[PDB]
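The chain below stands alone, shown as structure tokens; this is the form deposited in one PDB entry.
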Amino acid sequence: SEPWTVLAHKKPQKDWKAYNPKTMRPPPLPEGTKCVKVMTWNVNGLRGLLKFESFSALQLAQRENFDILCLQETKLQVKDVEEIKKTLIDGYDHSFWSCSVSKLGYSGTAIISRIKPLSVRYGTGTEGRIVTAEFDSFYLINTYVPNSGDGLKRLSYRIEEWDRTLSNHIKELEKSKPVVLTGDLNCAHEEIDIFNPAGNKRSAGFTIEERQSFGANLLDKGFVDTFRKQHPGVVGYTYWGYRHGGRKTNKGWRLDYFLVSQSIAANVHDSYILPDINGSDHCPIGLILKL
């Protein structure tokens, strides 16, 4: 059973088709084409993902042979890094772990690479949400965006504080070299990125305030949503809530993105989703960027 190949939407369109990674993906590049492969996955507790499947990271390298793996919601403490650092995967010696010191066992991002970055820096310019990694031709920012929560308590903090600082961080990097922004942006951009847009108008993640900041602070600053631009009018989800068993019915959201600067957006070859990989409420997404 492949529920992601079936189109589930409350207000769909005739031109829309459900994402099928078997058929809707292009084939890999010729052996030797200078490129870089990046994967992103919200693990919803990395210690819980490994208790479920120990080889979750290895089975990604076996299926895609990525160069860089970006993670969100690792829910790791600063003391838990070294033990995970040795038992997650081999051959990726450059792993950087930003953990949350405010709330313990909460949030937490990571960037695990096999190519040595020129420089890595957490935060802008506490909850482990920003990891900027410099490379020979581009920055790579792995981001886990905070949620407004029940009652939209942090909605003003999300719009006037987080989305503004995140945008200014990305543009200051573009002054040097282009940007590949990945991670859990925690926002369903358009109505095609959610199965029930009408029923979540006031729900955190699909509020109009968050959706306008998705365009203003991010896309309208010279950026492209690779998956949407590669597959215009194609429904694909990267999240399914446990509360309603949404993964068995494909009733989900698209919260994980690969936003790439206009400079190198043409060099994007594939922006895919792997909805068959279980172990978390999210599923991994990938990017194949030509160099």
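Rigid core here is just the name for the largest C-alpha set that superposes within 1.5 Å across the two forms. Just count from 1 along the sequence shown to find any residue number. Only residues modelled in both forms are compared.
Form deposited in another entry: not shown, discussed below.
- Only one of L255, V260, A57, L46 has its C-alpha shifted by 2 Å or more between the shown form and the other one once the core is superposed, and that residue is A57.
- Contraction of the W240-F55 CA spacing by 3 Å or more is recorded in the other entry, set against this form.
- Compared with the form shown here, the C-alpha atoms of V131 and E53 sit at least 3 Å farther apart in the other entry.
- Legend: core-fitted overlay between the shown form and the other one; highlighted is 53-60, the single run of at least 3 consecutive residues with CA shifts of 2 angstroms or more.
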